[PDB]
Amino acid sequence: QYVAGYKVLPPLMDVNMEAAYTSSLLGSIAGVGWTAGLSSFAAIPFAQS
Amino acid sequence: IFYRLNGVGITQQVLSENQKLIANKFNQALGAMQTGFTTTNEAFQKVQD
């Protein structure tokens, strides 16, 4: 990093943050995908989805 | 506007009973950006950019 001189910036999202966001997507794919209209949440058991 | 709101999963009954409140909310929303033009608008910043 310094034998030439440059710094690698870490990303804005931390590892726990992608973990939480992907967890939210994995929990919400069953919910949103039942009928159009994103206002409600419809977290059906998955096999029914 | 009534038909478009009907299409997104809102029943006719609340539309037929609450015309004035949704009209006032629409007026407030379409007046919000009139006083909104400052640095906080991302689109305004991109136009300036």
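- Regarding how it was determined, this PDB entry cites cryo-EM in its header, along with a resolution of 4.44 Å.

### Section: the overall build of chain A
And step 1. From N to C terminus, chain A includes one helix and zero strands.
And step 2. For chain A, buried positions account for 8% of its 49 residues.
And step 3. As displayed, chain A has an accessible area near 4600 Å², and 67% of this comes from carbon and sulfur atoms.

### Structural notes on the overall build of chain B
And step 1. Helix and strand content of chain B: four helices and zero strands.
And step 2. Ordered by position from the N terminus, the helices and strands of chain B form the series α-α-α-α.
And step 3. Its C-alpha atoms put chain B at 45 × 20 × 10 Å along the principal axes.
And step 4. Out of the 49 residues belonging to chain B, those deemed buried represent 4%.
And step 5. A total accessible area of about 4500 Å² is found for chain B, and carbon and sulfur atoms account for 57% of it.

### Quick look at the packing of aromatic side chains
How two aromatic rings sit relative to each other is given by the distance of their centres and the angle of their planes.
All names here are of chain B.
And step 1. Per the stated rule, a full pass over the model turns up one aromatic pair over all chains.
And step 2. Judged by centre distance (6.2 Å) and plane angle (25°), the rings of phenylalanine 37 and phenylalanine 44 are stacked.
And step 3. According to the relative accessible area criterion, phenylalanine 44 is partly exposed, its value standing at 36%.

### Notes on helix 1 (residues 15–32) of chain A
And step 1. Between the first and last C-alpha of helix 1 of chain A there are 25 Å, a value that for 18 residues agrees with the 26 Å anticipated at 1.5 Å per step.
And step 2. Along helix 1 of chain A, the residues that are buried comprise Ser28(A), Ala30(A) and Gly31(A).

### Points about the side chain of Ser28(A)
Residue and element names in this part refer to chain A.
And step 1. Positionally, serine 28 belongs in helix 1.
And step 2. We classify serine 28 as buried; its relative accessible area is 19%.
And step 3. A polar contact is formed between the side chain of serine 28 and the backbone oxygen of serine 24, at a distance of 2.6 Å.

### Some thoughts on a nonpolar patch on the surface
Residues and elements named next belong to chain B.
And step 1. A surface patch of nonpolar side chains, amounting to about 530 Å² of accessible area, comprises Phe26, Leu30, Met33, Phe37 and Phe44.
And step 2. You can see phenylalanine 26 is positioned in helix 3 (residues 19–32).
And step 3. When its relative accessible area of 48% is taken as the criterion, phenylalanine 26 is described as partly exposed.

Parameters and conventions
Residues numbered from 1 in each chain as written, not as in the entry; some residues may be left out. Chains lettered and ligands numbered in written order. Part of a larger assembly, values for the part shown. Heavy atoms only, no water. Helix = DSSP H or I, 4+ residues; strand = E, 2+ residues; numbered from the N terminus. Buried < 20%, exposed > 50% of the residue type's maximum accessible area, 1.4 Å probe, protein only. Areas by Shrake-Rupley, 256 points an atom, 1.4 Å probe, with all protein chains shown as cover. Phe/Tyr/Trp six-rings, centres within 6.5 Å; stacked < 30°, edge-to-face > 60°. Expected span 1.5 Å × (residues − 1). Polar contact = N/O pair within 3.5 Å; in protein donor to acceptor, adjacent residues only side chain to side chain. Patch = residues over 30% accessible without salt bridge, like charges linked within 9 Å, V, L, I, M, F, W, Y side chains within 5 Å. Salt bridge = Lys/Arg side-chain N within 4 Å of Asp/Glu carboxyl O.

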